[PDB]
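J.: So I pulled this structure from the PDB, and the sequence comes with it:
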Number of protein chains: 4
Amino acid sequence: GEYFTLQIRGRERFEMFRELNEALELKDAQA
Amino acid sequence: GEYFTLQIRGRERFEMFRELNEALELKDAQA
Amino acid sequence: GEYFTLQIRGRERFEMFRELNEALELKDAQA
Amino acid sequence: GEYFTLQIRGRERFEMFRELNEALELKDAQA
């Protein structure tokens, strides 16, 4: 995989993805 | 919290949410 | 496509997906 | 609102958010 950037103009919507990102990233840390 | 239903008409989009759902639910199972 | 159900146990997380669902569904209504 | 960046390490997950981003951004273009 590579490094991708998701620039979102706003604030609330950015938080929404931030949540789906906290869980997904949590799966990689799962152990 | 209560039980909510997200009926999505399609197939690919439903999978997208299915992923964000696999991680979030994984956080509740984390331990 | 068919009809799928996304049952999420909680309330805030359900809203998150609800937003991504309002826009996607908005694309289908776009015209 | 301001400009936020969502750097996700991977490729498929980045696409998932890319979809929820295509619709949300589509709502701002709706008119």
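T.: Received it, and whenever you're ready, just let me know what you need. Numbering: from 1, shown residues only, chains lettered A, B, ... in the order given.

J.: use CA for all of it now, contacts and neighbours both
T.: Noted.

J.: So what's the residue count around residue A:22?
T.: Residues within reach of residue A:22, counting by other CA atoms under 10 Å in any protein chain shown, total 14.

J.: and the gap between it and residue D:26?
T.: 25 Å (CA to CA, to the nearest Å).

J.: Centroid-nearest residue for chain A?
T.: For chain A, the residue sitting closest to the mean C-alpha position, by CA atoms, centre = their mean, is residue A:21 at 2.7 Å.

J.: which stretch of helix or strand covers that one?
T.: According to DSSP states H and E, residue A:21 maps onto helix A:12-29.

J.: in that helix, what's buried?
T.: A:13, A:14, A:16, A:17, A:20, A:21, A:23, A:24, A:26, A:27 (16 or more other CA atoms under 10 Å in any protein chain shown).

J.: how about the residues of chain A that lie near chain B?
T.: By the criterion of CA under 8 Å from any CA of the partner chain, the positions of chain A lying close to chain B are A:20, A:23, A:24, A:26, A:27, A:30.
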